[PDB]
């Protein structure tokens, strides 16, 4: 199902961080492109920790998810590297990296109309998954990649893409899920089998909170057991200073999954701002 790329066509360079049970690297891919021309393509190389190769089917399923469909806001997958004892995804390389990084570093420079722009693009991506009845399962600012930055001359907005969700929370071990509170919904903490489309509405609300808070991670001062108890007492996240989106956030982060608004409704809400 995955296109096969030979290890000798791939150079592994700098380390770009890690995900849950994964390492990610900037790489270079030599390939034949349109019109027969040879190219050196920057790629993202994503390697599943060999200590955790038992999650490999989830690893590769989460990727084929993003390539079932084609959409302008979904990161492209190029294939899998065929090299022996290893599990390596080859993906589009996004130059400006993760949204959470970019929010922390540019906290000052971001205004309400940049949040709103990014928030809209994300909602358009989620709307598109919605219509296809496709669950992402791991919406968060770190899984949003900045294709391009705002341009203060052309007035052109940033453009973001959504990364694949990684190993699924249906198989991940319980303390990973609990540390992912409050991106993981209450119903999924209670039972990961409760993964639904309404999962992504909650996480979207958490991601909007991240976007309005300049790289702050919600509930970060709270250890695991307190995160759990936050959900027992049915608390809501604090209103972000930039508070234009607090009501939308709370509306998405509804403890009742069936009451979370559709992304069509969310987009209307976002489009009704001055």
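Positions refer to the first chain, counted from 1. C-alpha atoms forming the largest set that superposes within 1.5 Å between two forms make up the rigid core.
Here 62-70 and 49-57 are scored by the root mean square distance of their C-alpha atoms in 4 other deposited structures of this protein, with each structure fitted by the rigid core; the higher score goes to 62-70. Averaged over structures and residues, the CA distance from the shown form in 4 other deposited structures of this protein after a core fit is larger for 152-160, of the two stretches 152-160 and 127-135. On average the C-alpha atoms of 100-108 have higher B-factors than those of the other stretch, with 100-108 and 141-149 being the two compared. In this entry, 226-234 shows the higher mean Cα temperature factor of the pair 226-234 and 204-212. Within the group 123, 76, 129, 113, the record's highest C-alpha temperature factor is found at 113.
Of the candidates 26, 29, 52, 217, the deposited coordinates give 52 the top C-alpha B factor. Remark: residue 81 belongs to the highest third of its chain, ranked by C-alpha B-factor as recorded.
Per-chain ranking of the deposited C-alpha B factor places residue 14 in the middle third.
When the CA B factors of the chain's modelled residues are split into thirds, the value for residue 239 lands in the middle one. Among the modelled residues of its chain, residue 95 has a C-alpha B-factor that falls in the middle third, as given in the PDB entry.
For residue 199, the recorded CA B-factor ranks within the lowest third of the chain. Only modelled residues enter the ranking.
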